Amino acid sequence: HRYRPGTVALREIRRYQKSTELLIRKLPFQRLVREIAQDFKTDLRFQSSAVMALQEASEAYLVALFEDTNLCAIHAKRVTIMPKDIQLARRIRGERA
Amino acid sequence: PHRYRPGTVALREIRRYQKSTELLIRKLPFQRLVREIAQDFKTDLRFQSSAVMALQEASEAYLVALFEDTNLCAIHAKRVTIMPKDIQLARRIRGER
Amino acid sequence: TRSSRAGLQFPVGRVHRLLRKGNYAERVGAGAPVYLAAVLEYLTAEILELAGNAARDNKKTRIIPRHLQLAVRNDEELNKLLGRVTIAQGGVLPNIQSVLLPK
Amino acid sequence: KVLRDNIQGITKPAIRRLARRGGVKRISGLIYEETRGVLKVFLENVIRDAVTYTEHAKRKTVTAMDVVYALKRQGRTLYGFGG
Amino acid sequence: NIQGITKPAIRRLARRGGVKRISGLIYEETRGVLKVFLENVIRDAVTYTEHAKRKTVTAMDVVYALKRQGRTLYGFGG
Amino acid sequence: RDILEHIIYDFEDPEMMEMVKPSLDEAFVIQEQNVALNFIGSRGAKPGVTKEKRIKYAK
Amino acid sequence: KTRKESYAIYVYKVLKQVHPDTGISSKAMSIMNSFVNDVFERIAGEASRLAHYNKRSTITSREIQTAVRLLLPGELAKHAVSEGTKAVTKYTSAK
Amino acid sequence: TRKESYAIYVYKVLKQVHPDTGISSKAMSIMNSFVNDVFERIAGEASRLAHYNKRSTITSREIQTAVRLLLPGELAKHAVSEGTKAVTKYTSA
DNA sequence: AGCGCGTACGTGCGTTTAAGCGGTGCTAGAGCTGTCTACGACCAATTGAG
DNA sequence: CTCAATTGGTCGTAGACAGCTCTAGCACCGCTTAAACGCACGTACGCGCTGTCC
């Protein structure tokens, strides 16, 4: 049969809040990191542990941002989070000016 | 007779107070409140008038910032202004309790 | 030994050393490191207790970062102390908002 | 002298003025109560910290300095009073 | 590179974040915000690395950068 | 039971009872007359925007 | 070779005092070491600033006390104050 | 009672910047607070940098990297140019 | 989300309050200064915990 | 396996700490009137939806 759209979503939320491993693929993140750092300094090296620490901080930051954004959407009474939600979120956090 | 339409005066007021910088709370009420709260922590504390005024400046600027965030929460579906749900939201986005 | 003299597990000596080397002040009175070590052992006890209880809840022979994150975020006071802290491999608490669940 | 109900010294028009500087056009009659609440919690925190500093000073007077230190410890650094 | 943060990866994260329904526009927004984030963090970390005269960015450099940013991370040494 | 009293003049017949049951299962979401009229008014060939006009049309 | 020091052993001892059953993973042990260092930092920093606010040279147990009372939540601070007073009285009961 | 304040220094600055413009007492106060604040932030960051490098002799380099950390990038760039220029002059003196 | 519904809270006004001024009294403890030594830093010699 | 923790001791001074005052923060009256209250009023924007779009 067909699962009514949105019924697997909650299941996935339940899984991914149960799970705790990192959710971005390790090498692609690492390469994005090396790229960004190259812009600041050439011939840089990273400890693997340092890259994993960056990924941890980045993911946990993003998770908290998504949480806040979701709350904004709910305040919009929207199930669907939107860029305007992220903007409002960060704005209230005072990240973006 | 004469009557400004709704919010005409309110806008004029906002313009006014954003032009000015005085304390918006009446001082002596605030001072009494501070004394009351402190009494809950410790009896027989003397407050430098300057220390009071400092607490007042902080409280006012903090609440004004909070109102700013709250009014930013108004934004969706061209909804207008602020309700306690908005306050609660903004505070939680800040991570305040 | 001094932690002996105080009944502490945490190293009063090394806490005194770190307070001296950390330039926190010109001088560090001998009572200060004892007190701080005791506080650092009441803390840590608090959380390791909660994490071991969570490990029992999660039926585990070892505390893993999941259990620390669970303990920290379930205890409202530790979550106040650590609200600006993130923990490796901790994940997050179960959080689904009422309008997302079906009626 | 016991102090009570001075929370009501935050008069509705006061909260209105604040909402005006805050750019609020129209204010729910509910906000005024919640606003008193939030203010109370905030004052509680700042006062608790300033009191704790006075206690460490063994001083019986809360000074402006102690409030400034409390606010900086709160991460809300206040200029204009010293510190 | 940036697109290496795949749509499924962002979905997975937002699901961990409890997001039920996602506008596709969220993916590029997430990439932009994550880029800004990394930018700041790495800039601080390299600035420690530069001060240490190192070429290797260490885990401690990242920790100290996050500690500055108000993002204190436990797991790699304090 | 006020309905069916119009449709099954003796409840002693199980067969019509068990035959009509599935039409009740099509309607048990509605009990009061007013939501029923909202239902009918919303099926009107010229349904009014406001609920009240839909009721009045269906009435 | 690099003899990097840590609170590991004391964390294990305290775990076995709260839970003789179970152990702690090296990852969670690293997180505990981090947490220890962070709290030590925050408290010593607070006490440092308290001293400067009083122009006092000496971070006493009392500086640590008031720092704990500022930093930790009221209940957690309360119990920490109990524990520190107990520990200081015990130490001063020995020499 | 011998309360140190940056009042005179800030005056001198302003006389560079707008000698026709006075600073109010309270404005001066605020500037004093700001100056002390940024002093403490920079010096504390330099201290932590020194710790991380096991260096007990905060040099101009520690201040430089601290400033690069604290100030936003353009303000930081200008502050660096000013600091290095001043250190250059002092070195030549 | 257009448009209907509707009563919330804006503009007004008239009355009541007490905030503010400020004038005046009082006092206590903030802060100063002076005396002492408890104390933490330094040290050499010692030990075993990590 | 070893060097960080440890001790008894001296030094000398930080700060205990006790006195001393007079700063300024306590109460207090009391007159003025800005602001608070409260009431009327109404209209506009907080509630609603099913139109409709993917």
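Each chain's residues are numbered sequentially from 1 according to the written sequence, a convention that need not reproduce the entry's numbering, and residues without coordinates are excluded. As they are written, the chains are lettered A onward and the ligands numbered 1 onward, keeping that order. Only some chains of a larger assembly appear here, and every value describes just that portion. Excluding hydrogens and water, the side-chain values take into account all heavy atoms of the structure.

If you check the header, you'll see the entry was determined by cryo-EM and the resolution is listed as 3.0 Å.

(A) View of the pattern of salt bridges. Any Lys or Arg side-chain nitrogen located within 4 Å of an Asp or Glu carboxyl oxygen qualifies as a salt bridge. In total, this model carries 40 salt bridges over all chains according to the counting rule given. Residue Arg79(B) pairs with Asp86(B) through a salt bridge whose shortest N-O separation is 2.5 Å. Each residue is assigned to one of three classes by its accessible area relative to the maximum for its type, calculated with a 1.4 Å probe on protein chains only: buried under 20%, partly exposed between the two thresholds, exposed over 50%. In this structure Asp86(B) comes out as buried when scored by relative accessible area, which is 0%. Its salt-bridge partner being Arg17(C), residue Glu5(G) comes within 3.1 Å of it at the nearest N-O pair.

(B) Quick peek at the interface of chain G and chain E. At the junction of the two partners, chain G supplies eight residues and chain E supplies seven residues. Summed over both partners, buried area is the accessible surface (1.4 Å probe) that two parts give up on being assembled. Of the roughly 560 Å² buried at the junction of chain G and chain E (both faces included), carbon and sulfur atoms supply 50%. Taken together, the links from chain G to chain E amount to one salt bridge. The salt bridge involving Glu41(G) is made with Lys67(E); its shortest N-O contact spans 2.6 Å. Think of a polar contact as two N or O atoms within 3.5 Å of one another; within protein, one of them needs to be a possible hydrogen donor and the other a possible acceptor, and neighboring residues in sequence only count if both atoms come from side chains. If you look at where chain G meets chain E, you find four residue pairs in polar contact. Each residue gets one of three labels, nonpolar for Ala, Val, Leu, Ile, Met, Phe, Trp, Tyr, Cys and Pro, charged for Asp, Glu, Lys and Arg, and polar for the others, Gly among them. In terms of residue class, the side of chain G that touches chain E is made up of two nonpolar, three polar and three charged. Contacts between residues were defined by any pair of non-hydrogen atoms, one from each residue, lying within 4.5 Å.

(C) Focus on unusual backbone geometry. With a phi close to 55 degrees, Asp43(A) is a non-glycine residue in the positive phi region. Mapped onto the secondary structure, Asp43(A) falls in the loop between α2 (26-38) and β1 (45-46). Look at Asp43(A) and you get partly exposed, because its relative accessible area is 46%. Not every positive phi belongs to a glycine, and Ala77(B) is a case in point at roughly 50 degrees. Helix and strand assignments come from DSSP, with helices taken as H or I runs of at least 4 residues and strands as E runs of at least 2, each series counted from the N terminus. Tracing the sequence through the fold places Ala77(B) in the loop between α3 (49-73) and α4 (84-94). Exposure remark for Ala77(B): the relative accessible area of 60% places this residue in the exposed category.

(D) Expanded view of the protein's contact with DNA strand I. Nearness of a residue to a molecule or strand requires only that one of the residue's heavy atoms be within 4 Å of it. Close contacts around DNA strand I come from 32 residues, with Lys27(B), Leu28(B), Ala30(C), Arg16(D) and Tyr10(G) the closest. Put simply, 95% of the atoms of DNA strand I that lie within 4 Å of the protein are in sugar or phosphate. Taking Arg20(C), its side chain carries an N or O atom lying 3.0 Å from a phosphate oxygen of DNA strand I. At the level of secondary structure, the elements contributing two or more residues to the surface near DNA strand I comprise α1 (8-19) and α2 (27-41) of chain B, α2 (12-21) and β1 (27-28) of chain C together with α1 (8-18) of chain G.

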